[PDB]
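Working notes, structure below.
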Amino acid sequence: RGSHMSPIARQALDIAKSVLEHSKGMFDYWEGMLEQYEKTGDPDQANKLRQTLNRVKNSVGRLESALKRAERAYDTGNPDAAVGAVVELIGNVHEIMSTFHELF
Amino acid sequence: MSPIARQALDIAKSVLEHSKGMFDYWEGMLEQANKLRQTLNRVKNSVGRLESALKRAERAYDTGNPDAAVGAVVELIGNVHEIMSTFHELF
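Here the protein sequences come in this chain order: A and B.
Taking the deposited numbering, I'd label the letters of the first sequence as residues -4 to 99.
Taking the deposited numbering, I'd label the letters of the second sequence as residues 0 to 30, 40 to 99.
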């Protein structure tokens, strides 16, 4: 009559919200740098940064969607249904952290 | 409410505990070769890569290098996601 009483699920939900809040500041930094490149710098250089930022925007969207599906499955009372979302939760957290790490 | 680098070290310690106890449970019951042996050592190596990544991340956090610390934490979250995907596959 027991299963997962571990903090792994809540830790994953917390690090996903922390990355979502922290990604806003890094998006503002690189969108401001993209504005300078799209006005003065090389166009092919700015294209790589633009496409890279677009791919992060998709990863951010997949992160916040899995965050809602995991929060909903915990409010309804089905911890087994959110296990797949938590696996996807860390997946998009990794993609976001790994991309901004390459930019810096 | 904790730094993201600290939160990644925390979630890796807990995942390493559960995945290591889960493997000790499976090995105490069930133990080229058989496909069960292949899946077992595959999980054992996934736990090894997570543990080595956690200790490498703790080293970089001690040496003081902020680039190596973040680069190891990013590698750490990757192993956490990798090992959370292999267990979700088996379950």
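By construction, the Cβ of each residue, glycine as well, lies at the ideal position given by its N, Cα and C atoms.
Short of 6 Å in beta carbon distance, which residues of its chain neighbour residue i, apart from the five on each side in sequence? Order them along the chain.
i, result
"B/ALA4", "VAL81"
"A/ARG64", "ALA80"
How big is the Cα-Cα spacing for residue i and residue j?
i, j, result
"B/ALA7", "B/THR47", "27 Å"
"B/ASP70", "A/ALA11", "25 Å"
"A/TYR32", "A/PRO38", "7 Å"
"A/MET28", "A/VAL14", "21 Å"
"A/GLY36", "B/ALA77", "32 Å"
"B/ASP23", "A/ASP75", "23 Å"
"A/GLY20", "B/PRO2", "15 Å"
"A/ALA41", "A/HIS96", "18 Å"
Check whether chain B comes within 9 Å of residue i, counting only Cβ atoms and requiring the distance to be less than that.
i, result
"A/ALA68", "no"
"A/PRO2", "yes"
"A/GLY(-3)", "no"
"A/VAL51", "no"
"residue 110 of chain A", "One cannot answer for residue 110 of chain A here, as it falls past the ends of chain A, which runs -4 to 99."
"A/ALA65", "no"
Quick one: is residue i near chain A, going by C-beta distance under 9 Å?
i, result
"B/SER60", "no"
"B/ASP23", "no"
"B/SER54", "no"
Closest to residue i by CA distance: which of the options is it?
i, options, result
"A/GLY79", "A/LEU62, A/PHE95, A/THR94 and A/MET92", "A/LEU62"
"A/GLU66", "A/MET0, A/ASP9 and A/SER(-2)", "A/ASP9"
I'd like the list of long-range same chain contacts for residue i, defined as Cβ closer than 7 Å, with 5 residues on each side in sequence excluded.
i, result
"B/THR94", "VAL51 and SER54"
"A/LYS43", "none"
For the segment 40 to 60 of chain A and the segment 42 to 58 of chain B, state whether three or more C-beta atom pairs, one from each stretch, are separated by less than 8 Å. Verdict: no, contact absent.
Would you say the segment 88 to 97 of chain A touches the segment 84 to 97 of chain B, given that touching needs at least three Cβ pairs under 8 Å? Touching, yes.
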